[PDB]
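Note sheet for the following structure.
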Ligand SMILES: Nc1nc2c(ncn2[C@@H]2O[C@H](COP(=O)(O)OP(=O)(O)OP(=O)(O)O)[C@@H](O)[C@H]2O)c(=O)[nH]1
Ligand SMILES: Nc1nc2c(ncn2[C@@H]2O[C@H](COP(=O)(O)OP(=O)(O)OP(=O)(O)O)[C@@H](O)[C@H]2O)c(=O)[nH]1
Ligand SMILES: Nc1nc2c(ncn2[C@@H]2O[C@H](COP(=O)(O)OP(=O)(O)OP(=O)(O)O)[C@@H](O)[C@H]2O)c(=O)[nH]1
Ligand SMILES: Nc1nc2c(ncn2[C@@H]2O[C@H](COP(=O)(O)OP(=O)(O)OP(=O)(O)O)[C@@H](O)[C@H]2O)c(=O)[nH]1
Ligand SMILES: [Mg+2]
Ligand SMILES: [Mg+2]
Ligand SMILES: [Mg+2]
Ligand SMILES: [Mg+2]
């Protein structure tokens, strides 16, 4: 019986709630923007995941500071078709991961909405996010389509196996 | 701790091995046609599934008779694009489910390969299989695309919840 | 604890699956047109509800007769905006409730999709379904909007209060 | 209980991911090109292998220097059919093995894709990589086919035998 605490952060339109509920229930759901946070538990292999879905609306950005404590892995969900805000995404990612508490956290970049006609590929995303500047911890980029569940469990497996 | 035994049967090119290993490992796999059988264990919600993948090649069709015993649910995987063998699929389904041992088995029709240009919808599948003649047990048709994992866990959840 | 068996019947596009999923999960689930049926358990106050969700296609109408046995309450879901087929809805309802097994069942009329631009009002539903001529049993009409959850728990409470 | 740390480096289209997954799962899998890296554990004989699988894109080559520390063996995977770019592999291999930390690592040259119609033979690979001029360490060239497990376990055995 193993346990791991995961924090889900990112800008709006990233699709974190869809990811979390497709993991838990297995079905796609229609969502109302979260003004606080959601806590769901997902069991996969032999490890119990306590996943925290903190909302990404601009009015509750400072709320992220209260859920860094005790985090083992960070899932930064990115809208791979929202090219206009990838700079803000990069800024937020590097503001999160360079704190004192998040130093030991595993960084998983979850590129969602790969089915869109103008979707950005994982390499262009690792370029835009400046991920090549992260050299002291494990990180990975997983393309996905959340409405179908394409790539969720593979990223969860990567989070499970790369925890040391 | 609950347990359930599942038997996977169907014609060749149905994609049962791809389904089983996309459930077990999480990745799409390259396969060689099984001349015997494969056994994998997949725990999902709270129930431990022992899934039996018996090959569907013509030369090992009589092998199906040795794995009816103790079956709680049957997954009949159907190629929803190969229209030319849906009659043999119907024949085999009704030969399986009308045995004495398989009377208490739950019937899940798994229409695979939905992304093909001439894929049959579940309505045409229920018309070609004659599933309306099954009126003494629970049954359900689930369209899927096994390479992406689209709809596998939905069918697994249906098998879990409809066992009474 | 107390138990009650409920059968959900209705035409296509009625929304029975959405109602059941909203009652069970609290989420608005994106659904796929179903062939076959589901069985789900919902606990509300102190009563355990075993709800049967049978499809509404024309080719699976005869399957309704094999799940009448033991029914305590019937939920007849009606698309309150499909004025062109309220007569078909009336035909189906009167064929159901005038059988031998369903005569002791409590009848709840569930007018869904109340927020549509041309939605019918409950009085028009009563007049079109011919419920105004039913004087020999306990029935009640409840409008609803299943995606938001409005009207669902009121109808469930009415079914609970009238079952003794 | 023996342990050994192995670092897998190479150019694009080398096939390191397929090799690692054939070693770990025993089954060839469909792969997505990584831009980060994986860490996987493979147990073979009596020795536990901690294998590092780092991507080989040009923009992530500098990340290799932060995983040299503690290396006991280096697996340099070469596309034996890419005759045009074997000089780049030679340059990179000589830049790796002549560093301060990687000087004491056991070098295994893994020529993958041996079944291709224009595949190079191990002698040609020795001559092209300049390994014939390396007289100060243990090294070994081996052809392989990752999709079938050809030569993977033999190379792992060679790495095991030469590590003391
Ligand atoms: N094409 C496509 N769109 C998606 C996918 N997942 C989510 N969306 C879109 O995401 C939008 C909904 O946003 P949310 O589900 O609320 O995402 P969120 O980040 O959790 O929102 P907040 O909780 O307010 O931060 C919908 O318009 C969907 O169309 C996907 O996998 N594919
Ligand atoms: N497009 C598509 N093709 C699939 C899918 N699943 C399986 N296939 C095809 O199925 C073929 C392989 O057959 P198998 O997966 O081995 O099915 P099988 O009946 O278990 O074969 P044997 O065990 O050898 O008898 C491949 O050519 C795949 O292209 C799928 O989800 N989508
Ligand atoms: N606006 C609105 N639409 C709804 C609501 N509930 C269901 N729908 C619509 O109903 C359609 C889906 O039909 P289903 O949920 O599958 O109903 P069903 O009777 O179980 O369908 P079948 O099983 O194929 O007979 C979708 O297009 C929804 O838009 C609702 O509460 N509000
Ligand atoms: N024929 C053949 N092709 C192979 C073999 N191994 C790998 N490939 C090919 O290699 C390609 C996949 O590239 P990867 O194995 O992911 O190489 P990579 O650069 O390490 O990818 P990343 O890990 O994401 O960086 C596929 O197109 C395969 O066809 C092999 O053993 N035989
Ligand atoms: Mg939003
Ligand atoms: Mg085959
Ligand atoms: Mg339904
Ligand atoms: Mg790799």
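Things to note:
- Sorting C:160, D:41 from the fewest to the most surrounding beta carbons within 10 angstrom yields D:41, C:160.
- Considering the rotation that superimposes chain B on chain C, the residue of B whose beta-carbon lies nearest the axis, and that distance in Å, is B:1, 30.
- Other-copy label distances relative to residue D:69, 7 angstrom Cα-Cβ extension, nm: 3.0, 5.9, 7.2
- Cα pair distances in the stretch C:87-134, grouped into 10 Å bins until the bin that holds the longest one, percent each: 23, 52, 21, 4
- Taking the number of Cβ atoms within 10 Å of each Cβ as an exposure proxy, the fewest-first ranking of D:125, A:32, B:75, B:97 is A:32, B:97, D:125, B:75.
- Residue-averaged beta-carbon neighbours from other chains (10 angstrom radius) around C:23-31: 4
- Shape summary: the protein assembly as shown maps onto an equivalent ellipsoid whose semi-axes, from the alpha-carbon gyration tensor, are 54, 31, 20 Å in decreasing order.
- Modelled spin labels at residue D:50 and residue B:99, positioned 7 Å past Cα toward Cβ, are 5.0 nm from each other.
- Average silhouette area of the stretch C:63-114, convex hull of alpha-carbon atoms, in square nanometres: 3.7 nm²
- Pseudo-label separations to other copies for residue B:47 - Cα-to-Cβ vector, 7 Å, nm: 2.7, 2.7, 4.6
- Centroid-to-centroid separation of the stretch D:71-95 and the stretch A:124-158 [C-alpha atoms, Å]: 27 Å
- From most to least packed by mean Cβ count within 10 Å, the peptides A:58-71, B:137-150 give B:137-150, A:58-71.
- The simple spin-label model puts a point 7 Å past each Cα toward its Cβ; for residue B:115 and residue D:161 those points are separated by 4.4 nm.
- Comment: the Cα-to-Cβ extended label point of residue B:164, at 7 Å, lies 2.7, 5.0, 7.0 nm from its counterparts in the other copies, nearest first.
- The base-10 log of I(q)/I(0) for chain C, evaluated at q = 0.13 Å⁻¹, reads -0.56 [Debye formula, identical scatterers on Cα atoms, solvent excluded].
- In this simple spin-label model, placing a label point 7 Å from the Cα along the Cα-to-Cβ direction at both residue D:154 and residue A:58 gives a separation of 6.4 nm.
- Mean separation of Cα pairs under 8 Å and 6 or more residues apart, divided by the residue count, gives the stretch C:1-144 a relative contact order of 25 percent.
- Of all DSSP beta bridges in chain D, antiparallel share, percent nearest 5: 25 percent
- FRET efficiency, 1/(1 + (r/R0)^6) with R0 51 Å, evaluated for residue A:137 and residue D:83 via beta carbons: 0.85
So basically every Cβ, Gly included, is an ideal-geometry build from the backbone, and we count neighbours across all protein chains shown. Readers should treat all values here as calculations from the given coordinates under stated rules, not as data from a laboratory.
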